[PDB]
Amino acid sequence: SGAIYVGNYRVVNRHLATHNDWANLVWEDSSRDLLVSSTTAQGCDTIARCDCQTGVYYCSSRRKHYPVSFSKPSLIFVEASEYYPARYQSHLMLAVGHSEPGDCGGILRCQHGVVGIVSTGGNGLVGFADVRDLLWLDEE
Ligand SMILES: Cn1nc(CC(=O)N2CC(C(N)=O)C2)c2ccccc21
Ligand SMILES: [Zn+2]
């Protein structure tokens, strides 16, 4: 589990969104595994606006933050899980690292701020849903 709290937005994995998230929906995209809902309080996270390929992510199944090198956001084939059939997921970045299903939501960050959240995993891989192209998170 986990979310990004920027401005009056809450960014979560679409597959982990709650009823309150769907009832206060701003935007969702199943191909990216992302959903954004509105919040009453302002958040403290800052979004990175950069092309970094190195950063650090939080792994809840290890209680640890790990430094990683990650690929550029792309269209990647992801195996079937409890939440999606086997399919192509867009705006996804891969790194070598530990991930279990419940690790979804952990933040990946670089020197500029939040880059994305854990979305996929398996066999020493971890996938991150990028948010750096969502410029509207910084306004309204
Ligand atoms: C974080 N992660 N995820 C999965 C499968 C899963 O629940 N999916 C893949 C997610 C998606 N965005 O399509 C939903 C896994 C399987 C072993 C290890 C780590 C893992
Ligand atoms: Zn950066």
Side-chain angles (χ1 to χ4, degrees):
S1 67
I4 306 167
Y5 291 99
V6 53
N8 287 271
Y9 298 121
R10 166 173 143 94
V11 187
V12 290
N13 296 90
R14 187 187 187 272
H15 73 273
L16 299 178
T18 67
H19 166 75
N20 187 71
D21 288 323
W22 279 107
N24 293 278
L25 183 68
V26 174
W27 169 84
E28 54 83 27
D29 184 323
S30 165
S31 74
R32 294 178 69 152
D33 186 41
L34 285 179
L35 181 148
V36 178
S37 58
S38 62
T39 63
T40 55
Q42 287 180 285
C44 295
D45 294 318
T46 290
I47 309 299
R49 301 296 180 199
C50 69
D51 59 355
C52 287
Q53 287 187 252
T54 64
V56 173
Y57 82 104
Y58 184 65
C59 178
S60 72
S61 65
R62 296 284 182 267
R63 282 202 191 98
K64 178 119 258 249
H65 294 259
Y66 289 105
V68 287
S69 296
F70 54 93
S71 65
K72 295 194 169 195
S74 69
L75 187 67
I76 303 198
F77 194 73
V78 182
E79 290 307 306
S81 71
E82 302 300 323
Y83 302 98
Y84 295 108
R87 68 175 192 159
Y88 284 96
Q89 181 162 320
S90 65
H91 298 265
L92 188 69
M93 298 173 296
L94 296 187
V96 173
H98 188 72
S99 51
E100 301 184 19
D103 288 322
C104 283
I107 282 171
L108 170 68
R109 66 181 74 235
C110 68
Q111 70 184 92
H112 306 108
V114 176
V115 172
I117 51 172
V118 174
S119 179
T120 68
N123 21 249
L125 299 168
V126 53
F128 305 103
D130 182 53
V131 299
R132 294 178 290 186
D133 66 315
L134 304 175
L135 312 188
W136 55 263
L137 290 170
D138 298 348
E139 63 202 28
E140 171 102 315

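If you read the sequence from its start, that first residue is 1, and numbering goes on from there. The figures here come from the full heavy-atom set of this structure, side chains too, leaving out hydrogens, waters and symmetry mates.
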**Asked** If you look only at pairs with a residue in residues 109-118, which of them pass as a side chain to side chain donor-acceptor pair (under 3.5 Å), with sequence neighbours excluded?
**Response** none

**Request:** Indicate, with yes or no, if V115 and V11 share a hydrophobic cluster defined by side-chain heavy-atom contacts under 4.5 Å among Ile, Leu, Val, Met, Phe, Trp and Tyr.
**Result:** no

**Item:** Single-linkage hydrophobic cluster, 4.5 Å side-chain cutoff, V26 and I117 together
**Value:** yes

Run the side-chain donor-acceptor check on residues 62-76: report pairs under 3.5 Å with partners two or more places apart or on a different chain.
from: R62; atom 1: NH2; to: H98; atom 2: NE2; distance (Å): 3.4
from: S71; atom 1: OG; to: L94; atom 2: N; distance (Å): 2.9

**Message:** For a side chain to side chain contact (heavy atoms under 4.5 Å, CB included) check, start with the C-alpha distance between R87 and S81, then their side-chain angles and the critical distance, and finish with the verdict.
**Reply:** CA-CA 10 Å; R87 68 175 192 159; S81 71; over 6 Å; no

**Prompt:** Among pairs that include at least one residue of residues 12-21, which meet side chain to side chain donor-acceptor pair (under 3.5 Å), considering only residues two or more places apart or in two chains?
**Reply:** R10-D21, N13-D33, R14-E28, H15-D33, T18-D21, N20-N24, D21-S37

**Item:** Hydrophobic cluster partners of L25 (side-chain heavy atoms under 4.5 Å)
**Value:** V12, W22, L35

**Message:** Could you measure the distance from the OG1 atom of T39 to the CG atom of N8? Nearest 0.5 Å is fine.
**Reply:** 4.5 Å

**Asked** What closest approach, in Å, do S60 and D103 show between heavy atoms, and which atom pair accounts for it?
**Response** OG-OD1, 2.7 Å

**Item:** Check: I107 and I4 side chains under 4.5 Å, non-hydrogen atoms
**Value:** yes

**Prompt:** Is any side-chain heavy atom of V78 less than 4.5 Å from a side-chain heavy atom of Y88?
**Reply:** no

**Message:** According to a hydrophobic-cluster definition based on side-chain heavy atoms being under 4.5 Å apart (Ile, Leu, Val, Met, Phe, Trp, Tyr only), do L34 and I47 belong together?
**Reply:** yes

**Request:** Determine whether the side chains of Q89 and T120 contain a donor N or O and an acceptor N or O closer than 3.5 Å.
**Result:** no

Which pairs would a plain distance check flag for residues 121-139, meaning a side-chain donor or acceptor within less than 3.5 Å of a matching protein atom at least two apart in sequence or in another chain?
from: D130; atom 1: OD1; to: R132; atom 2: N; distance (Å): 3.4
from: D130; atom 1: OD1; to: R132; atom 2: NE; distance (Å): 2.9
from: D130; atom 1: OD2; to: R132; atom 2: N; distance (Å): 3.4
from: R132; atom 1: NH1; to: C50; atom 2: O; distance (Å): 3.3
from: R132; atom 1: NH1; to: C52; atom 2: O; distance (Å): 3.0
from: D133; atom 1: OD1; to: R32; atom 2: NH2; distance (Å): 2.7
from: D133; atom 1: OD2; to: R32; atom 2: NH1; distance (Å): 3.0
from: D138; atom 1: OD1; to: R49; atom 2: NH2; distance (Å): 2.7
from: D138; atom 1: OD2; to: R49; atom 2: NE; distance (Å): 2.9
from: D138; atom 1: OD2; to: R49; atom 2: NH2; distance (Å): 3.2

**Transitive ILVMFWY cluster of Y83, excluding itself - 4.5 Å side-chain cut-off** = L16, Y84

**Message:** Holding to side-chain hydrogen bond (donor to acceptor under 3.5 Å, both in side chains), I want the full list of residues that pass it with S90, two or more places apart in sequence or in another chain.
**Reply:** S31

**Asked** Are side-chain heavy atoms of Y9 and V36 found at a separation under 4.5 Å?
**Response** yes

**Request:** Indicate if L108 and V96 have the same hydrophobic cluster label, given that clusters are the connected sets of ILVMFWY residues with side-chain heavy-atom separations under 4.5 angstrom.
**Result:** no

